[PDB]
Amino acid sequence: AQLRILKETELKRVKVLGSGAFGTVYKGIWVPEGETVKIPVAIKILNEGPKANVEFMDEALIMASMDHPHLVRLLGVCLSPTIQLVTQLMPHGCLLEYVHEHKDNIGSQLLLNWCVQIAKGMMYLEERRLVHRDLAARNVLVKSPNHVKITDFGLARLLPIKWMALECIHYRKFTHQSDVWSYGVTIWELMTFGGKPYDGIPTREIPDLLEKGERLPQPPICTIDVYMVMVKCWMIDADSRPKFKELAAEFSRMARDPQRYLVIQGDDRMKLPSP
């Protein structure tokens, strides 16, 4: 399980793609020893902890060890001005932004396919007993149209209410099954094409709203089937919610007959459903 330590000047920034709660992403370039290769790389400087500890080095290593089809591998770390996580640059950027910008050229197939992928993405984390804590359409990236990866897993081991399960809002109890809740929302985010969860509603009302039995609404292109999946992810009781295994199997079952479960109009015709 090999982590790369990268020099402060083996790393050169171009621009800023986005700053969140934790740090700031930079599009960057990386020149390993010599003058032969130049990657396209993505740089994550965290601004406050976390300092160059063995404790730090331990958690980095774990993260370096994280390895999927559908998970973003940490490539390297620099320490020199402060802590910097180095990631292969995803040219298409984040899925959230992606489903908005191509709203009209994204078929059913991809949509369910992304589902599966993130599902399997999480399976692994679950199998490795890592709890992401912060799954949303933003922190899923797009390597290629048919290929998405998850990022930002375990970032709180180093260092989002509308994607939080209820038990994490009250009792900050962070579990795989609390991530499940997140997934629910993430996929919802896709079906709507990038819709904003609980739109035009304040933060501090979310919890009581949920407790009432009000959840996120049915997306336009959704058959009740796939919606019932979602619903199950926002079950008050944690254990009652699905395991990533299941959610995979299900969306994977659905990607065999794609338009059987999601209906998308335009093309001058009106697709009609049954049963």
# chains A, B, ... in the order shown; residues from 1 in each chain; ligands from 1
>>> select_by_dssp(residues="region 32-239 of chain A", states="strand (DSSP E)", output="list in words")
residues 39, 40, 41, 42, 43, 44, 45, 46, 74, 75, 76, 77, 78, 84, 85, 86, 87, 88, 140, 141, 142, 143, 144, 147, 148, 149 and 150 of chain A
>>> write_last_selection(atoms="N, CA, C and O atoms", output="compact mmCIF listing (two decimals), in the first residue's frame")
# COMPACT_ATOMS: atom_id res chain seq x y z
N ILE A 39 1.46 15.41 -15.60
CA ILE A 39 0.05 15.14 -15.34
C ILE A 39 -0.67 16.39 -14.83
O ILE A 39 -0.36 16.89 -13.76
N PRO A 40 -1.62 16.87 -15.62
CA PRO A 40 -3.03 16.88 -15.21
C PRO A 40 -3.23 16.19 -13.86
O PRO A 40 -3.28 14.96 -13.80
N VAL A 41 -3.34 16.98 -12.80
CA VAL A 41 -3.65 16.45 -11.48
C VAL A 41 -4.52 17.41 -10.68
O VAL A 41 -4.60 18.60 -11.00
N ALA A 42 -5.18 16.90 -9.65
CA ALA A 42 -6.13 17.68 -8.88
C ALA A 42 -5.67 17.81 -7.42
O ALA A 42 -5.45 16.81 -6.72
N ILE A 43 -5.55 19.05 -6.97
CA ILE A 43 -4.85 19.38 -5.73
C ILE A 43 -5.81 19.87 -4.67
O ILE A 43 -6.66 20.72 -4.93
N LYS A 44 -5.65 19.35 -3.46
CA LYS A 44 -6.58 19.63 -2.37
C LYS A 44 -5.90 20.12 -1.09
O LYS A 44 -5.55 19.33 -0.21
N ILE A 45 -5.74 21.43 -0.99
CA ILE A 45 -5.11 22.06 0.16
C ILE A 45 -6.14 22.31 1.26
O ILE A 45 -7.12 23.03 1.04
N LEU A 46 -5.91 21.74 2.44
CA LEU A 46 -6.85 21.87 3.56
C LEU A 46 -6.46 22.97 4.53
O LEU A 46 -5.38 22.94 5.12
N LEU A 74 -6.36 8.31 -4.12
CA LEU A 74 -5.40 9.33 -3.77
C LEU A 74 -4.08 8.94 -4.41
O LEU A 74 -3.62 7.80 -4.26
N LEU A 75 -3.48 9.88 -5.13
CA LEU A 75 -2.22 9.61 -5.81
C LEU A 75 -1.02 9.99 -4.99
O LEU A 75 -0.05 9.23 -4.92
N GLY A 76 -1.08 11.16 -4.38
CA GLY A 76 0.04 11.62 -3.58
C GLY A 76 -0.35 12.63 -2.53
O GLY A 76 -1.51 13.07 -2.47
N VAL A 77 0.62 12.99 -1.69
CA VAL A 77 0.43 13.99 -0.66
C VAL A 77 1.65 14.88 -0.64
O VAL A 77 2.77 14.39 -0.66
N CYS A 78 1.42 16.19 -0.60
CA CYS A 78 2.48 17.14 -0.25
C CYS A 78 2.19 17.75 1.12
O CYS A 78 1.03 17.76 1.57
N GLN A 84 -1.69 18.59 1.35
CA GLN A 84 -2.20 18.63 -0.01
C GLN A 84 -2.37 17.24 -0.62
O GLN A 84 -1.40 16.51 -0.83
N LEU A 85 -3.63 16.91 -0.93
CA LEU A 85 -4.04 15.61 -1.46
C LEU A 85 -4.12 15.65 -2.96
O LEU A 85 -4.84 16.46 -3.54
N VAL A 86 -3.41 14.75 -3.59
CA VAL A 86 -3.24 14.83 -5.03
C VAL A 86 -3.89 13.67 -5.75
O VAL A 86 -3.57 12.51 -5.51
N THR A 87 -4.76 14.04 -6.67
CA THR A 87 -5.76 13.17 -7.28
C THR A 87 -5.67 13.28 -8.78
O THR A 87 -5.46 14.38 -9.28
N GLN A 88 -5.82 12.17 -9.52
CA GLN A 88 -5.84 12.27 -10.99
C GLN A 88 -7.00 13.17 -11.40
O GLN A 88 -8.11 13.07 -10.86
N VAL A 140 -19.32 12.80 -6.37
CA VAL A 140 -19.14 11.72 -7.31
C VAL A 140 -18.59 12.41 -8.53
O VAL A 140 -19.14 13.42 -8.95
N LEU A 141 -17.50 11.89 -9.09
CA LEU A 141 -16.88 12.50 -10.27
C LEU A 141 -17.08 11.68 -11.53
O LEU A 141 -17.40 10.50 -11.47
N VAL A 142 -16.88 12.32 -12.67
CA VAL A 142 -17.13 11.67 -13.94
C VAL A 142 -15.84 11.45 -14.73
O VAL A 142 -15.32 12.39 -15.35
N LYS A 143 -15.32 10.22 -14.71
CA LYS A 143 -14.14 9.89 -15.50
C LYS A 143 -14.49 9.87 -16.98
O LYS A 143 -13.81 10.49 -17.80
N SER A 144 -15.57 9.17 -17.32
CA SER A 144 -16.10 9.17 -18.67
C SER A 144 -17.60 9.04 -18.56
O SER A 144 -18.10 8.62 -17.52
N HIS A 147 -18.72 6.15 -16.72
CA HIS A 147 -17.74 5.81 -15.69
C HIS A 147 -17.58 6.90 -14.67
O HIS A 147 -16.93 7.91 -14.90
N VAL A 148 -18.17 6.67 -13.51
CA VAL A 148 -18.10 7.66 -12.47
C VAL A 148 -17.33 7.08 -11.31
O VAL A 148 -17.30 5.87 -11.14
N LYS A 149 -16.70 7.95 -10.52
CA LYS A 149 -15.98 7.54 -9.31
C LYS A 149 -16.44 8.39 -8.13
O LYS A 149 -16.89 9.51 -8.30
N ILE A 150 -16.32 7.86 -6.93
CA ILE A 150 -16.63 8.63 -5.75
C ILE A 150 -15.34 9.19 -5.15
O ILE A 150 -14.31 8.53 -5.16
>>> closest_atom_pairs(of="region 141-195 of chain A", to="region 227-243 of chain A", cutoff="9 Å", atoms="only C-alpha atoms", output="tab-separated table")
residue	atom	partner	partner_atom	distance
A:165	CA	A:234	CA	7.3
A:166	CA	A:236	CA	7.1
A:167	CA	A:236	CA	8.3
A:175	CA	A:238	CA	8.9
A:176	CA	A:243	CA	8.4
A:177	CA	A:238	CA	5.8
A:178	CA	A:238	CA	7.0
A:180	CA	A:233	CA	6.0
A:181	CA	A:233	CA	5.0
A:182	CA	A:233	CA	8.1
A:183	CA	A:233	CA	7.7
A:184	CA	A:230	CA	5.1
A:185	CA	A:230	CA	7.7
A:187	CA	A:230	CA	8.0
A:188	CA	A:230	CA	7.5
>>> write_last_selection(atoms="C-alpha atoms", output="PDB file, in the first residue's frame")
ATOM      1  CA  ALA A 165     -29.751  10.881   7.891  1.00  0.00           C
ATOM      2  CA  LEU A 166     -31.860  11.928  10.857  1.00  0.00           C
ATOM      3  CA  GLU A 167     -29.730  10.155  13.447  1.00  0.00           C
ATOM      4  CA  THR A 175     -22.765   4.551  10.011  1.00  0.00           C
ATOM      5  CA  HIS A 176     -22.755   2.773   6.651  1.00  0.00           C
ATOM      6  CA  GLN A 177     -26.536   2.804   6.980  1.00  0.00           C
ATOM      7  CA  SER A 178     -26.387   6.587   7.386  1.00  0.00           C
ATOM      8  CA  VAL A 180     -27.307   4.691   2.587  1.00  0.00           C
ATOM      9  CA  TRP A 181     -29.532   7.686   3.325  1.00  0.00           C
ATOM     10  CA  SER A 182     -27.028   9.879   1.498  1.00  0.00           C
ATOM     11  CA  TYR A 183     -27.104   7.628  -1.542  1.00  0.00           C
ATOM     12  CA  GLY A 184     -30.872   7.926  -1.636  1.00  0.00           C
ATOM     13  CA  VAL A 185     -30.473  11.681  -2.009  1.00  0.00           C
ATOM     14  CA  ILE A 187     -29.543   9.341  -6.883  1.00  0.00           C
ATOM     15  CA  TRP A 188     -32.526  11.620  -6.394  1.00  0.00           C
TER      16      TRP A 188
END
>>> residues_around(residues="residue 65 (chain A)", least_positions_apart="6", cutoff="10 Å", atoms="only C-alpha atoms", output="list in words")
residues 1, 2, 3, 59, 73 and 74 of chain A
>>> write_last_selection(atoms="C-alpha atoms", output="short mmCIF file (atom, residue, chain, number, x, y, z; two decimals), in the first residue's frame")
data_model
loop_
_atom_site.label_atom_id
_atom_site.label_comp_id
_atom_site.auth_asym_id
_atom_site.auth_seq_id
_atom_site.Cartn_x
_atom_site.Cartn_y
_atom_site.Cartn_z
CA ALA A 1 0.00 0.00 0.00
CA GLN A 2 2.22 2.76 -1.39
CA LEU A 3 1.68 6.51 -0.79
CA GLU A 59 -5.00 7.73 7.64
CA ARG A 73 -7.58 6.89 -5.62
CA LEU A 74 -5.40 9.33 -3.77
#
>>> closest_residue(among="A:9, A:158, A:26, A:72", to="residue 48 (chain A)", atoms="only C-alpha atoms")
A:158
>>> residues_around(residues="residue 195 (chain A)", least_positions_apart="2", cutoff="12 Å", atoms="only C-alpha atoms", output="list in words")
residues 96, 97, 99, 100, 103, 136, 137, 138, 185, 186, 187, 188, 189, 190, 191, 192, 193, 197, 198, 199, 200, 216, 217, 218, 219 and 220 of chain A
>>> closest_residue(among="A:47, A:203, A:105, A:274", to="residue 261 (chain A)", atoms="only C-alpha atoms")
A:274
>>> residues_around(residues="residue 10 (chain A)", least_positions_apart="4", cutoff="9 Å", atoms="only C-alpha atoms", output="ChimeraX atom specification")
/A:6,29-33
>>> residues_around(residues="residue 52 (chain A)", least_positions_apart="5", cutoff="8 Å", atoms="only C-alpha atoms", output="list in words")
residues 57, 79 and 83 of chain A
>>> write_last_selection(atoms="N, CA, C and O atoms", output="JSON list (two decimals), in the first residue's frame")
[["chain", "number", "residue", "atom", "x", "y", "z"],
["A", 57, "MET", "N", -0.25, 10.42, 8.64],
["A", 57, "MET", "CA", 0.33, 9.44, 7.72],
["A", 57, "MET", "C", -0.39, 8.10, 7.71],
["A", 57, "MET", "O", -0.48, 7.44, 6.68],
["A", 79, "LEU", "N", 3.23, 18.25, 1.76],
["A", 79, "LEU", "CA", 3.13, 18.72, 3.13],
["A", 79, "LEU", "C", 3.68, 20.12, 3.32],
["A", 79, "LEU", "O", 3.52, 20.72, 4.39],
["A", 83, "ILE", "N", -0.96, 20.72, 4.08],
["A", 83, "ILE", "CA", -1.37, 19.40, 3.61],
["A", 83, "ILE", "C", -2.13, 19.43, 2.28],
["A", 83, "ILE", "O", -3.09, 20.18, 2.11]]
>>> decode(residues="region 110-145 of chain A", atoms="N, CA, C and O atoms", output="compact mmCIF listing (two decimals), in the first residue's frame")
# COMPACT_ATOMS: atom_id res chain seq x y z
N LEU A 110 -27.53 5.41 -18.79
CA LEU A 110 -26.48 6.01 -17.98
C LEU A 110 -26.97 6.24 -16.56
O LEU A 110 -26.24 6.02 -15.60
N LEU A 111 -28.22 6.68 -16.46
CA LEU A 111 -28.76 7.13 -15.20
C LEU A 111 -28.81 6.03 -14.18
O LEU A 111 -28.37 6.20 -13.05
N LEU A 112 -29.34 4.88 -14.59
CA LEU A 112 -29.35 3.69 -13.75
C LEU A 112 -27.94 3.14 -13.54
O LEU A 112 -27.60 2.68 -12.44
N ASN A 113 -27.15 3.17 -14.61
CA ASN A 113 -25.75 2.73 -14.59
C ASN A 113 -24.93 3.45 -13.52
O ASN A 113 -24.20 2.81 -12.77
N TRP A 114 -25.07 4.78 -13.46
CA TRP A 114 -24.42 5.56 -12.43
C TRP A 114 -24.84 5.07 -11.05
O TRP A 114 -24.00 4.89 -10.17
N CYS A 115 -26.14 4.81 -10.90
CA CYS A 115 -26.67 4.21 -9.68
C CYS A 115 -25.84 3.01 -9.25
O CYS A 115 -25.18 3.05 -8.20
N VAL A 116 -25.85 1.97 -10.07
CA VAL A 116 -25.06 0.78 -9.79
C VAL A 116 -23.64 1.14 -9.33
O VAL A 116 -23.15 0.64 -8.31
N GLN A 117 -22.99 2.03 -10.09
CA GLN A 117 -21.57 2.29 -9.92
C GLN A 117 -21.29 2.87 -8.56
O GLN A 117 -20.40 2.41 -7.86
N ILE A 118 -22.09 3.85 -8.18
CA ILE A 118 -21.92 4.45 -6.88
C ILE A 118 -22.23 3.41 -5.85
O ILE A 118 -21.55 3.30 -4.84
N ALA A 119 -23.24 2.60 -6.13
CA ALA A 119 -23.58 1.51 -5.24
C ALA A 119 -22.35 0.65 -4.98
O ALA A 119 -21.93 0.50 -3.84
N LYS A 120 -21.77 0.10 -6.04
CA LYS A 120 -20.57 -0.72 -5.88
C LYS A 120 -19.45 0.09 -5.23
O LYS A 120 -18.74 -0.41 -4.37
N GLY A 121 -19.34 1.36 -5.62
CA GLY A 121 -18.38 2.26 -5.00
C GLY A 121 -18.46 2.13 -3.50
O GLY A 121 -17.45 1.95 -2.84
N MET A 122 -19.67 2.19 -2.98
CA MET A 122 -19.87 2.15 -1.53
C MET A 122 -19.67 0.77 -0.95
O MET A 122 -19.13 0.64 0.15
N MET A 123 -20.12 -0.25 -1.67
CA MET A 123 -19.93 -1.61 -1.21
C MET A 123 -18.53 -1.70 -0.64
O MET A 123 -18.36 -2.06 0.52
N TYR A 124 -17.55 -1.32 -1.45
CA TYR A 124 -16.13 -1.43 -1.10
C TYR A 124 -15.84 -0.72 0.21
O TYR A 124 -15.30 -1.30 1.15
N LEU A 125 -16.22 0.55 0.27
CA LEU A 125 -16.02 1.31 1.47
C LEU A 125 -16.63 0.54 2.63
O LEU A 125 -15.97 0.32 3.66
N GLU A 126 -17.86 0.10 2.45
CA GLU A 126 -18.50 -0.72 3.47
C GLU A 126 -17.64 -1.94 3.79
O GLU A 126 -17.39 -2.21 4.97
N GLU A 127 -17.19 -2.67 2.78
CA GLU A 127 -16.38 -3.87 3.03
C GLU A 127 -15.11 -3.49 3.78
O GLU A 127 -14.57 -4.31 4.51
N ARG A 128 -14.66 -2.26 3.63
CA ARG A 128 -13.42 -1.90 4.30
C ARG A 128 -13.67 -1.17 5.57
O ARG A 128 -12.75 -0.79 6.28
N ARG A 129 -14.95 -1.01 5.87
CA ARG A 129 -15.38 -0.39 7.11
C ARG A 129 -14.90 1.03 7.13
O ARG A 129 -14.26 1.48 8.09
N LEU A 130 -15.19 1.71 6.04
CA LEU A 130 -14.95 3.13 5.97
C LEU A 130 -16.30 3.74 5.72
O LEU A 130 -17.05 3.27 4.86
N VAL A 131 -16.61 4.77 6.48
CA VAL A 131 -17.90 5.44 6.36
C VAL A 131 -17.70 6.80 5.72
O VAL A 131 -17.03 7.66 6.28
N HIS A 132 -18.28 7.00 4.53
CA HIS A 132 -17.98 8.22 3.80
C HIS A 132 -18.45 9.45 4.55
O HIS A 132 -17.67 10.39 4.72
N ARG A 133 -19.70 9.43 5.00
CA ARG A 133 -20.31 10.52 5.79
C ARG A 133 -20.87 11.68 4.97
O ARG A 133 -21.61 12.50 5.51
N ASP A 134 -20.52 11.75 3.69
CA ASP A 134 -20.79 12.95 2.87
C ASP A 134 -20.99 12.61 1.39
O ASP A 134 -20.35 13.18 0.51
N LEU A 135 -21.90 11.68 1.14
CA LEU A 135 -22.22 11.27 -0.22
C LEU A 135 -23.30 12.17 -0.82
O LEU A 135 -24.41 12.28 -0.29
N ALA A 136 -22.95 12.84 -1.92
CA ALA A 136 -23.86 13.70 -2.69
C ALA A 136 -23.41 13.69 -4.15
O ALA A 136 -22.35 13.14 -4.47
N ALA A 137 -24.20 14.30 -5.03
CA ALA A 137 -23.88 14.27 -6.45
C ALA A 137 -22.59 15.02 -6.76
O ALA A 137 -21.97 14.79 -7.80
N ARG A 138 -22.20 15.90 -5.86
CA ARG A 138 -20.98 16.68 -6.01
C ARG A 138 -19.74 15.81 -5.86
O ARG A 138 -18.81 15.87 -6.66
N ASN A 139 -19.74 14.97 -4.84
CA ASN A 139 -18.57 14.19 -4.54
C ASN A 139 -18.56 12.87 -5.29
O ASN A 139 -17.89 11.94 -4.89
N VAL A 140 -19.32 12.80 -6.37
CA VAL A 140 -19.14 11.72 -7.31
C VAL A 140 -18.59 12.41 -8.53
O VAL A 140 -19.14 13.42 -8.95
N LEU A 141 -17.50 11.89 -9.09
CA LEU A 141 -16.88 12.50 -10.27
C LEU A 141 -17.08 11.68 -11.53
O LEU A 141 -17.40 10.50 -11.47
N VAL A 142 -16.88 12.32 -12.67
CA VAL A 142 -17.13 11.67 -13.94
C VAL A 142 -15.84 11.45 -14.73
O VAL A 142 -15.32 12.39 -15.35
N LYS A 143 -15.32 10.22 -14.71
CA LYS A 143 -14.14 9.89 -15.50
C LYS A 143 -14.49 9.87 -16.98
O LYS A 143 -13.81 10.49 -17.80
N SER A 144 -15.57 9.17 -17.32
CA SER A 144 -16.10 9.17 -18.67
C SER A 144 -17.60 9.04 -18.56
O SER A 144 -18.10 8.62 -17.52
N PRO A 145 -18.34 9.40 -19.62
CA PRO A 145 -19.80 9.31 -19.64
C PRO A 145 -20.40 8.09 -18.88
O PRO A 145 -21.35 8.24 -18.09
